[PDB]
Structures are given as structure tokens and as C-alpha cells.
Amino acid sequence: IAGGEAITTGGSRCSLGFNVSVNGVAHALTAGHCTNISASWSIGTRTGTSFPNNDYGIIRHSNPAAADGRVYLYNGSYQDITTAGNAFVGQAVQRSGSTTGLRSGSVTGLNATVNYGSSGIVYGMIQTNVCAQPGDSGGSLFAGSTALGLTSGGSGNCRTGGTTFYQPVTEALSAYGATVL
């Protein structure tokens, strides 16, 4: 299973962010508002969660062979991931997620504060003009082979377009001492 593919728990669905390593042990990063739901996922057991404030969580794979260090492009191909980086305003990016597949756009702001009402407030989010829909959360924000973020939320949809916010992946990697595969 690669970045952007579906991960579920009971009736809930999110998308996988990035497969990572923690001291050689395979894990998967996804959104914290997703891992807050349950400790038991289709791919394994949750070992960390942070939402709101942040929006990241990590799951240890039950099957280490499934930790595919790529992003699925929803066209039968995959993008290889080799590093993690920080986004910059004006950067051309792509997002992969299980509801809408692959979409592209550009970064329009950094360190945005996002109020999700009853769900709380998240800080320091990457802002983009890429569309997303429910189910896309936790999925991959990347530029070529560089991992940049995890889908958190936004407004609109993929027919009318909208604004989306992402948790910077470097903060999630350092929280857990993880490195992207």
C-alpha cells in the first residue's frame, strides 16, 4: 500500500500519507483526526496521534512488506519518494487521496491557522489551491520525489475547486523520529 491509498477502521476511511521507518520498523503517517478515531486500522495498530493543534498520527504496519515508499498516482503508476522537504509559496504540488485520486495545484500560504469549529483549531498548516473531499485526509502532498505534507481539511470540492490545508510532514517525522521510505 502506497501514499494516497485507502486505510480504514470500522466504517471510517482516510488515506495513507507516507510509509516511514522508525529505527528500521515500518510505519505509516496519516492525519491525526483520523488516528484519533481508533487504535485498529486495516494496515495495523496506531502508535501515535496528535489532533487538534497538530494534524498527524502514525500506525505500525502488521505487514512490513506492505510499506511501499511511493505515492499512488491513480493511473496505474506511482511516484517514488526519496526525501521530505518544506513547502514554499508558489510551489507546484500534487496531492493523492482515496476519494478524488490525484490533483495538482500550488502552495498559496504557509503557517495558516485553521478553525474546524467543533473539531478544534490547527496551526501552522500549508495552504494550497488543490481541491480535496472527505476521505482524502491523511493523503500525500508532494512535489516529485519530495514529501511535503498530509491532507488535513479545507473548503469546497473537486468540481467547484476549493482551498486545502496540510500538516507539514517534517513536523510529524521529527515528532516520531521517523524517516520517509
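One-based numbering along the sequence shown.
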query	finding
Given 7 to 15 and 168 to 176, the range whose Cα B-factors average higher in the PDB entry	7 to 15
30 to 38 versus 125 to 133 - greater average Cα B-factor per the deposited record	125 to 133
Residue, from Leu110, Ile81, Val93, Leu102, that the PDB entry assigns the highest Cα B-factor	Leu110
Deposited CA B-factor, highest of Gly117, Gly149, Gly153, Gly57	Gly117
For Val22, the third of its chain into which the C-alpha B factor falls	middle
Where the record places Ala143 (Cα B-factor, split into thirds across the chain)	highest
